[PDB]
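One structure is given here, and the rest of the page talks about it.
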Amino acid sequence: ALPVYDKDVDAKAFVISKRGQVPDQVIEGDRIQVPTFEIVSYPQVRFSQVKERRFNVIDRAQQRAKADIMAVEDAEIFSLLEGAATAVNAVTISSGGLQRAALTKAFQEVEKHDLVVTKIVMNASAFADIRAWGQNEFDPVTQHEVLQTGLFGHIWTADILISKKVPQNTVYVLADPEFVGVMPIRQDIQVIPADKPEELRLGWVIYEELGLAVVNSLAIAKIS
Amino acid sequence: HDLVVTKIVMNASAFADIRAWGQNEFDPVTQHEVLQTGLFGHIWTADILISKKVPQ
Amino acid sequence: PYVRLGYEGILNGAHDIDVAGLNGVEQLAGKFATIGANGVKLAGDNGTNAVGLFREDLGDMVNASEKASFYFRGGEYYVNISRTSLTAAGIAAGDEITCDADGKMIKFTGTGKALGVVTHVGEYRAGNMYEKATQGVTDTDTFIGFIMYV
Amino acid sequence: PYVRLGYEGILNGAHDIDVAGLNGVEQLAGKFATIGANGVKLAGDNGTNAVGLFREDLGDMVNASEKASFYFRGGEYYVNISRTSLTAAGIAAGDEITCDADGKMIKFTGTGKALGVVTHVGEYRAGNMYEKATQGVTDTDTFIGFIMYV
Amino acid sequence: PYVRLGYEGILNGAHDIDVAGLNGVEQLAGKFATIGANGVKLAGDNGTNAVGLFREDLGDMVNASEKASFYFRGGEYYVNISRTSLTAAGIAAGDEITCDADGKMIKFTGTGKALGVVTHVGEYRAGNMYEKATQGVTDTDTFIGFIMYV
Amino acid sequence: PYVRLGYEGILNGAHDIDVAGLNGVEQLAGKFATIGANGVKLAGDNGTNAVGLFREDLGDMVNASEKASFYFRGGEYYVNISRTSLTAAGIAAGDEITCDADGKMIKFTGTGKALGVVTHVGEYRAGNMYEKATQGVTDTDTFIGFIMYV
Numbered sequence: 057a058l059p060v061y062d063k064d065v066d067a068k069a070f071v072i073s074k075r076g077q078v079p080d081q082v083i084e085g086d087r088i089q090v091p092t093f094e095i096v097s098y099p100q101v102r103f104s105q106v107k108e109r110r111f112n113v114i115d116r117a118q119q120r121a122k123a124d125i126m127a128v129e130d131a132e133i134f135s136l137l138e139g140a141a142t143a144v145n146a147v148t149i150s151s152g153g154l155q156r157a158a159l160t161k162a163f164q165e166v167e168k169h170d171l172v173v174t175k176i177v178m179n180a181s182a183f184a185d186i187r188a189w190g191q192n193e194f195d196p197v198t199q200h201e202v203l204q205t206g207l208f209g210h211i212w213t214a215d216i217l218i219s220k221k222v223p224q225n226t227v228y229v230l231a232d233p234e235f236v237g238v239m240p241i242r243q244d245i246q247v248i249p250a251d252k253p254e255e256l257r258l259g260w261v262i263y264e265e266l267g268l269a270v271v272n273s274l275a276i277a278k279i280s
Numbered sequence: 169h170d171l172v173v174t175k176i177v178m179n180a181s182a183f184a185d186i187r188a189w190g191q192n193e194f195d196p197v198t199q200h201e202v203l204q205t206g207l208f209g210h211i212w213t214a215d216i217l218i219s220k221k222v223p224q
Numbered sequence: 016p017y018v019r020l021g022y023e024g025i026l027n028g029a030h031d032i033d034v035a036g037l038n039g040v041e042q043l044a045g046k047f048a049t050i051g052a053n054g055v056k057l058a059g060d061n062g063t064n065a066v067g068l069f070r071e072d073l074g075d076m077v078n079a080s081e082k083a084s085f086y087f088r089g090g091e092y093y094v095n096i097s098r099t100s101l102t103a104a105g106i107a108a109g110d111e112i113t114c115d116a117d118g119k120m121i122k123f124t125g126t127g128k129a130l131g132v133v134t135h136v137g138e139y140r141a142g143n144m145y146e147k148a149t150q151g152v153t154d155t156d157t158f159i160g161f162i163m164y165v
Numbered sequence: 016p017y018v019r020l021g022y023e024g025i026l027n028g029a030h031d032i033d034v035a036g037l038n039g040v041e042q043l044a045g046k047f048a049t050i051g052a053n054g055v056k057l058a059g060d061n062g063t064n065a066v067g068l069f070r071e072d073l074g075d076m077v078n079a080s081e082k083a084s085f086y087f088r089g090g091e092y093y094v095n096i097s098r099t100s101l102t103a104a105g106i107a108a109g110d111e112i113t114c115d116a117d118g119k120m121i122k123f124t125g126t127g128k129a130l131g132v133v134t135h136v137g138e139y140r141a142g143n144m145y146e147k148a149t150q151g152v153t154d155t156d157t158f159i160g161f162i163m164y165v
Numbered sequence: 016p017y018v019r020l021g022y023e024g025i026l027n028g029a030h031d032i033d034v035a036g037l038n039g040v041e042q043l044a045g046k047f048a049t050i051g052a053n054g055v056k057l058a059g060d061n062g063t064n065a066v067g068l069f070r071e072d073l074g075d076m077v078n079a080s081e082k083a084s085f086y087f088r089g090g091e092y093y094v095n096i097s098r099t100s101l102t103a104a105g106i107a108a109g110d111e112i113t114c115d116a117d118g119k120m121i122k123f124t125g126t127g128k129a130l131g132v133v134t135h136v137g138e139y140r141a142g143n144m145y146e147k148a149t150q151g152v153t154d155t156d157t158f159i160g161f162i163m164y165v
Numbered sequence: 016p017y018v019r020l021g022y023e024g025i026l027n028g029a030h031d032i033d034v035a036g037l038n039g040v041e042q043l044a045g046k047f048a049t050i051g052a053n054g055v056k057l058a059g060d061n062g063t064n065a066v067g068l069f070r071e072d073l074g075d076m077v078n079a080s081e082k083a084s085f086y087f088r089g090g091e092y093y094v095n096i097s098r099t100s101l102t103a104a105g106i107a108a109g110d111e112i113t114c115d116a117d118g119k120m121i122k123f124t125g126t127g128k129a130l131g132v133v134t135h136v137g138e139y140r141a142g143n144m145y146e147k148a149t150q151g152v153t154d155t156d157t158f159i160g161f162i163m164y165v
């Protein structure tokens with residue numbers, strides 16, 4: 057916005073935005089059970105409930121990472137991220153060395169970081185790394201760490217597009233408005249219960265997910 | 169002089185270069201660093217241009 | 016009046032030169048084109064058409080939008096490409112679409128130019144009878160079959 | 016082309032139709048004259064030109080100016096400019112007319128002096144200062160809605 | 016030269032109507048576009064510039080920006096014409112400015128050389144993958160200055 | 016009823032038994048359907064809720080797999096491909112059907128365009144090739160009632 061001391065005229069620039077709409081969506085997942093099986097087996101009712109709950113949180117993760125916004129979609133991590141810069145990558149002998157390298161780049165920019173949201177294959181393989189004959193180059197020299205490195209968490213998530221790592225800080229980037237919180241409902245008169253002596257377990261939630269901006273979230277893809 | 173003033177691009181490519189004997193080139197460690205060379209801080213300025221380092 | 020019509024309005028037609036500047040730009044990439052739209056789809060389903068009011072809605076979706084008998088003060092300054100279209104209306108469904116913007120000549124082929132209500136986006140029908148609201152930025156009342164600029 | 020030389024009437028009369036500066040080309044709109052979206056009629060027409068004070072009701076039509084609103088842009092302060100690629104039409108038997116706005120004739124009644132600027136009071140008075148298009152400066156008024164030359 | 020085949024003694028803009036004679040669509044003898052008779056503001060200019068973002072005054076009357084930000088609205092990317100002042104070599108007293116659609120010549124500073132749109136950081140630029148796209152009719156030649164269009 | 020005469024799979028059943036198939040009055044299988052109720056239907060209908068993979072009851076009748084989320088049919092792969100199979104009132108369930116083991120269709124809900132097996136209690140799930148039955152690679156459409164089989 058340079059002064060009239062480099063004989064330049066000041067910029068009267070006005071920042072720009074594009075707008076996104078998110079309608080309410082339902083995420084849900086079901087477990088189907090026979091009463092007889094649940095009685096004879098014994099723990100099965102308790103287990104079925106833990107299993108239906110874990111299944112809904114998993115389908116939730118799936119959506120949040122990988123998918124492009126359609127119409128029946130919210131805001132998804134993989135869309136919002138900044139595109140890969142090949143320059144940040146250089147000649148390595150380890151998967152761990154690339155992974156250390158992505159993380160540091162974000163700090164330079166003055167982005168926010170708090171966690172590593174990585175491909176399941178990439179995170180693991182990064183832990184597993186060698187120097188060409190063993191010794192991990194992202195974990196200590198007699199100890200293994202898969203919880204937190206650099207003092208930030210690591211999330212390994214399946215479906216997010218092959219061999220990619222994303223620094224970002226979750227709290228800034230997205231926010232989840234919850235129209236109604238998680239609840240189980242069960243119906244013995246539903247589509248499936250009628251045909252065969254079954255009970256239907258439905259476990260649902262109604263969400264929306266908002267993705268503020270494109271910044272403070274960077275993705276880098278591995279060396280050529 | 170107690171810190172290194174680099175270009176954002178140069179620093180990141182410089183950091184990413186790992187030896188073939190598997191040591192990080194800035195500091196000889198197998199851990200995450202916040203970016204340290206000479207046990208000194210990194211200040212990232214984007215007026216400095218690529219392939220340039222200026223200690224001061 | 017104002018429902019969509021087919022007739023080489025819906026699905027792209029045959030190849031005119033409708034681009035001044037070089038053809039194809041891959042700008043705006045990552046916005047998908049809908050399957051079907053407002054009104055009656057006749058002779059194909061297309062969510063997007065060349066020449067008209069278009070709108071992002073639903074985030075990373077783009078579609079057709081009707082500009083009625085008035086308004087197009089806040090039109091658009093990006094158009095959906097008019098290559099492959101006889102009347103400069105119709106453009107293929109599906110994928111991240113190729114856009115252009117304005118600064119280029121288009122062709123409408125038919126009766127009346129820049130008079131009456133739209134009967135379908137990129138069209139202008141008239142007889143020189145009856146006072147019916149005009150909208151868009153279109154040119155030239157004088158010469159029918161004229162090459163009109165968005 | 017037809018341009019009225021009148022000053023009785025408030026939908027008839029003009030003496031400034033086009034008005035001075037350097038650079039600022041880009042962007043195009045047109046719009047209909049008189050009241051549209053009338054019947055389920057499809058055709059437009061052409062007629063005789065009238066240049067007076069006009070106002071948008073919002074959208075692409077301008078019509079009989081009873082008041083001014085807005086302190087922003089073209090306002091409710093629209094005048095008809097004749098072109099040679101039009102037949103030109105005002106009140107009654109409208110057509111797509113190119114308009115202009117600002118530094119044209121305005122109407123006084125003996126209330127206010129100077130500057131044809133977009134304001135929220137019909138009888139046009141100063142309250143936004145400096146050029147904006149406007150180069151006019153009136154220091155004289157007439158009773159009863161009569162059309163004064165800037 | 017001073018008039019025709021160039022314009023000279025101007026500091027905002029340079030040479031235009033080098034095709035010789037008018038050809039603009041919906042043009043009469045044009046109307047003031049203003050930034051050197053003082054517009055309403057100009058957006059951007061990251062160095063010495065007097066190309067900004069420009070706006071329609073809701074018709075064919077064109078001026079420099081009158082609306083904030085940089086959002087969708089209708090119209091075509093004009094070739095920018097700048098006529099000589101009737102002062103010695105200062106600005107203001109510039110001649111009614113006919114807006115050519117595809118005349119000669121302005122500088123090019125987007126992606127491509129026949130393509131380019133106008134943006135809020137000044138000059139002409141290529142598009143964005145979020146809003147707009149590139150497609151213009153920038154013509155021959157290149158020159159980045161407070162003098163420009165050579 | 017005597018209706019459903021001639022070689023119908025498209026008005027026979029409640030859902031398609033085949034739409035591109037064919038079989039004659041040739042019995043390459045004289046087995047009954049104990050799938051799809053009659054006694055509240057036409058005798059041109061069978062009322063079949065699956066025509067896909069079957070499993071044999073006690074006696075010599077085939078019907079749909081009524082299997083849960085921890086049960087499944089083993090072998091006994093047949094697909095229903097009857098049109099009228101040696102009747103004179105149109106096939107109804109409890110009357111003769113001719114089956115094959117390579118016929119069509121294979122019902123699937125899912126989200127479609129993928130392999131499907133039958134476990135039909137309202138429960139559909141996909142194919143694999145070591146977990147669930149090997150369909151051989153095919154695309155079977157979404158929602159039962161219309162299935163185009165490859």
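Residue numbers (PDB author numbering), protein chains in the order written: chain E, 57 to 280; chain D, 169 to 224; chain N, 16 to 165; chain O, 16 to 165; chain M, 16 to 165; chain P, 16 to 165. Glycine is no exception: its CB is placed at the ideal position from the N, C-alpha and C atoms.
### Task
Could you check what DSSP says for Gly267(E) in three-state terms: helix, strand or coil?
strand
Give every residue of the same chain whose Cβ lies closer than 6 Å to the Cβ of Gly125(O), excluding the five residues on either side of it in the sequence, and list them in chain order.
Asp156 and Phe158
Verify the CB distance criterion: does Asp115(E) have a CB-CB separation below 7 Å to chain P?
no
- prompt: In terms of alpha-carbon separation, which member of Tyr164(P), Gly89(P), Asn78(P) and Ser100(P) lies closest to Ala48(P)?
  reply: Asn78(P)
Practice prompt. Determine which residues share a DSSP beta bridge with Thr124(P) and list them.
Written response: In the DSSP output, where bridge partners are listed per residue, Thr124(P) has none listed.
Next item on the list: Determine contact between the region 107-114 of chain N and the region 124-141 of chain N, defined as no fewer than three beta-carbon pairs at a distance below 8 Å.
Entry: no
#### Entry: Where the alpha helix (DSSP H) through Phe111(E) begins and ends
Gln100 to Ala121
### Query
For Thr92(E), does the three-state DSSP call read helix, strand or coil?
helix
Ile106(P) to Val128(E) span [Cα, whole Å]: 43 Å
Out of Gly54(O), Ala52(O) and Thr99(O), state which residue places its alpha-carbon closest to the alpha-carbon of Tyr17(O).
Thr99(O)
Exercise for the section: Determine the chain O residues that contact residue 166(N) at a beta-carbon separation under 9 Å, and present them in chain order. Expected result: Nothing about residue 166(N) can be reported from this structure: the residues present for chain N run from 16 to 165 only.
message = I want to see whether chain O comes within less than 7 Å of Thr102(N), judged by CB atoms only; does it?
response = no
Could you please tell me which residues of the region 135-148 of chain N, in chain order, have their CB closer than 7 Å to any CB of chain O? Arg140, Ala141, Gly142, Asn143, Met144, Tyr145, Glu146, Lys147 and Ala148
- Query: Whose C-alpha, out of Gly36(N), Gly51(N), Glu91(N) and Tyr139(N), is nearest the C-alpha of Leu43(O)?
  - Reply: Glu91(N)
- Query: Which bits of chain N does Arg88(M) rub up against, with CB to CB less than 7 Å?
  - Reply: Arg88, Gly89, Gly90 and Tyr92
- Item | CA-to-CA distance, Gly36(P) to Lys46(P), given in whole angstroms | 19 Å
> Using 8 Å as the Cβ pair cut-off and three pairs as the minimum, do the region 195-210 of chain D and the region 65-80 of chain N touch?
Replying inline: no
Residues of chain M with CB under 9 Å from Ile96(O), in chain order?
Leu43, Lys46, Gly74, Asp75 and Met76
### Task
Would you mind reading off the limits of the alpha helix (DSSP H) that contains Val247(E)?
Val247 to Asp251
query: Within the 7 Å Cβ cut-off, does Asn53(M) reach chain E?
result: no
Requested in this report: For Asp251(E), go through chain P and note every residue whose CB falls closer than 7 Å to its CB, in chain order.
Outcome: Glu81, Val136 and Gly137
Going by alpha carbons, who is nearest to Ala116(P) out of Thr134(P), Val34(P) and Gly151(P)?
-> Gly151(P)
query = My guess is that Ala65(N) and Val94(N) are in contact by the Cβ rule of under 8 Å, so how many angstroms apart are they, rounded?
reply = 7 Å
At least 3 beta-carbon pairs within less than 8 Å: the region 106-125 of chain E vs the region 153-170 of chain E = no
| field | Three-state class that DSSP yields for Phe161(M) in the structure shown | value | coil
ask   = Taking the C-alpha atoms as reference points, what is the distance between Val197(D) and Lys122(E)?
value = 35 Å
- Query: How long is the line joining the alpha carbons of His169(E) and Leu230(E), rounded to whole angstroms?
  - Reply: 13 Å
ask   = Whose C-beta lies closer than 7 Å to the C-beta of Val165(P) among residues of the same chain, with five residues either side of it excluded?
value = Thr153 and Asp154
If I follow the unbroken alpha helix (DSSP H) through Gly237(E), where does it start and stop?
From DSSP, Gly237(E) is part of no alpha helix (DSSP H) but of the beta strand (DSSP E) over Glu234 to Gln243.
Roughly how many angstroms separate the alpha carbons of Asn27(O) and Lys119(O), rounded to a whole number?
13 Å
How about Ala52(O) and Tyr145(N): are their beta carbons less than 7 Å apart?
no
Who are the neighbours of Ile248(E) on chain P, taking C-beta pairs under 8 Å? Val136, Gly137 and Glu138
Report task. Output, in chain order, the set of chain N residues within a Cβ distance shorter than 9 Å of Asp64(E). Result -> Result: empty, since nearest Cβ-Cβ is about 28 Å, beyond 9 Å.
Under the three-state DSSP convention, the category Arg70(P) falls into:
strand
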